[PDB]
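1. my sequence and its experimental structure, below.
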Amino acid sequence: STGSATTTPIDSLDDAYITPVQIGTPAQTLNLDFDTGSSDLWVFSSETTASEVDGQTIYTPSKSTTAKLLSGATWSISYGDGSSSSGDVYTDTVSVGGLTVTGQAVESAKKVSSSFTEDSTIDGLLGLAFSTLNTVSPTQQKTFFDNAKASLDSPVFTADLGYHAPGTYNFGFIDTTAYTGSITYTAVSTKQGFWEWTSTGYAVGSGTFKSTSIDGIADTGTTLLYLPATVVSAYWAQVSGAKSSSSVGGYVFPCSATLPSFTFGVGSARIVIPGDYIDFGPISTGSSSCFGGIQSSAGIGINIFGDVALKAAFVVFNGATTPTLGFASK
Ligand code: NA
């Protein structure tokens with residue numbers, strides 16, 4: 001089997017992407033944030049504290065003939081941005097882009113933090129990291145990909161995120177029409193539960209490539225590219241008037257600037273992030289200070305190849321017995 005679903009930016013900045021997901025019988029369609037940096041499929045629901053719901057579509061298990069309470073199971077998760085959610089668990093039928101899993105754990109939120117409530121466009125998360133990170137207790141649950149894997153034509157999924165445009169998540173096949181040149185595959189460590197890999201270096205604009213190992217994670221649920229402070233300083237030094245602002249919480253730059261590209265290495269291959277991808281717009285409405293899309297990972301304890309990086313590539317998440325990542329230009 002295969003599946004193929006379109007993923008759509010939630011706003012004009014590509015702050016996140018949402019993908020429609022069918023849950024239950026008859027189908028309830030929720031727009032979920034597919035997150036290769038976490039491993040829980042959780043949804044706003046009929047159980048979510050009413051004051052914490054503001055415009056999201058909810059899953060109502062009582063209206064699904066295939067829903068069943070997973071008795072005694074609870075979940076609670078905290079993300080890198082400080083947000084959190086928790087609740088209880090149902091199993092139900094879940095379909096993505098025509099690919100169906102029966103008996104998928106659907107984590108129903110009883111509580112969500114303010115940033116979830118405030119984002120009316122995201123109805124929950126669908127985690128695509130390794131199932132070792134799933135938070136369900138006392139019986140850890142599998143991700144949608146892990147449950148689908150054995151049925152897929154190939155044990156893979158791909159992320160093809162758009163810049164200011166829709167893109168695609170495919171399950172079970174490589175769309176050889178969706179990228180240019182060849183796919184370069186690179187090793188993955190699953191030891192922290194992430195799609196963790198090592199980039200071979202970077203370049204800023206038309207500058208020379210710096211060969212250096214940068215360990216980090218491929219994380220579709222993170223908006224920005226978080227790299228070591230040395231790398232980030234070298235990038236922003238090429239932008240007149242850019243500076244790190246402790247008050248704003250990262251590098252800012254004049255909205256009048258033209259940003260340089262940023263290149264990262266995948267083995268001997270190179271992915272180029274156009275400068276425009278690094279512009280996250282005014283820090284507050286009407287400001288002439290703009291927020292940068294490349295930020296320091298210092299204090300986060302890991303480098304994160306978030307959407308700024310991934311949307312410059314066609315990315316293969318290869319879930320074979322020994323997982324690997326693949327990157328192609330597009
Ligand atoms: Na922000």
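-> Received it, and whenever you're ready, just let me know what you need. Numbering: from 1, shown residues only.
2. what about the strands in the stretch 201-330 of the chain?
-> 210-218, 225-227, 243-245, 250-254, 262-266, 269-273, 279-282, 289-292, 294-296, 303-305, 314-318, 324-328 (DSSP state E, counting those that start in this stretch).
3. who's in contact with the first one?
-> For strand 210-218, the surrounding residues in contact (CB atoms under 8 Å, 6 or more residues apart in numbering) are 36-37, 192, 194-203, 226-228, 231, 234, 264-265, 297, 302-305, 310, 315, 317, 325. Yep, even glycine has a C-beta here, placed from its N, CA and C like the rest.
4. narrow these to those that are buried.
-> For the contacts of strand 210-218, a neighbour count by 16 or more other CB atoms under 10 Å gives the buried set as 36-37, 194-200, 202-203, 226-228, 231, 234, 264-265, 297, 303-305, 310, 315, 317, 325.
5. cross-check the contact I'm expecting between residue 70 and residue 105.
-> Yes: judged on CB atoms under 8 Å, residue 70 makes contact with residue 105 at a distance of 6.4 Å.
6. anything in contact with each of these two?
-> 89, 90, 91, 136, 141.
7. just the ones in strands from those residues, please.
-> In this view, the shared contacts of residue 70 and residue 105 that belong to strands under DSSP state E are 89, 90, 91.
8. most neighbours, which of those?
-> The most crowded member of these, judged by other CB atoms under 10 Å, is residue 90 (25 neighbours).
9. so what pairs up with the closest residue to residue 245 other than its chain neighbours in the strands?
-> Spatial nearest neighbour of residue 245, chain neighbours left out: residue 252 (4.9 Å); criterion: CB to CB, 6 or more residues apart in numbering. Residue 252 has these beta-bridge partners by DSSP bridges: residue 243, residue 291.
10. how close does residue 252 get to residue 164?
-> Distance, residue 252 to residue 164, by CB to CB, to the nearest Å: 21 Å.
11. which one's more surrounded, residue 70 and residue 105?
-> Set residue 70 next to residue 105 and count neighbours by other CB under 10 Å: residue 105 wins out with 26 against 21.
12. quick one, phi/psi of residue 128?
-> phi -130, psi 10 (degrees, to the nearest 10).
13. go on, residue 75?
-> Residue 75 adopts backbone torsions of phi -150, psi 160, taken as degrees, to the nearest 10.
14. show me what contacts the residue nearest to the spatial centre of the chain?
-> Centroid-nearest residue in the chain: residue 220, 1.8 Å away (criterion: CA atoms, centre = their mean). The contact partners of residue 220, by CB under 8 Å, 6+ apart, come to 17, 34, 35, 36, 37, 128, 159, 161, 306, 307, 310.
15. residues near the residue nearest to residue 245, how many?
-> Around residue 252 there are 23 residues (other CB under 10 Å).
16. surely it and residue 239 touch.
-> No: with contact defined as CB under 8 Å, residue 252 does not reach residue 239; the gap is 9.9 Å.
17. if I look at the spatially closest residue to residue 315 that is not a sequence neighbour, how far off is residue 104?
-> Excluding the flanking residues, the one nearest residue 315 by CB to CB, 6+ apart is residue 159, at 4.5 Å. Remark: distance between residue 159 and residue 104 (CB to CB) = 20 Å.
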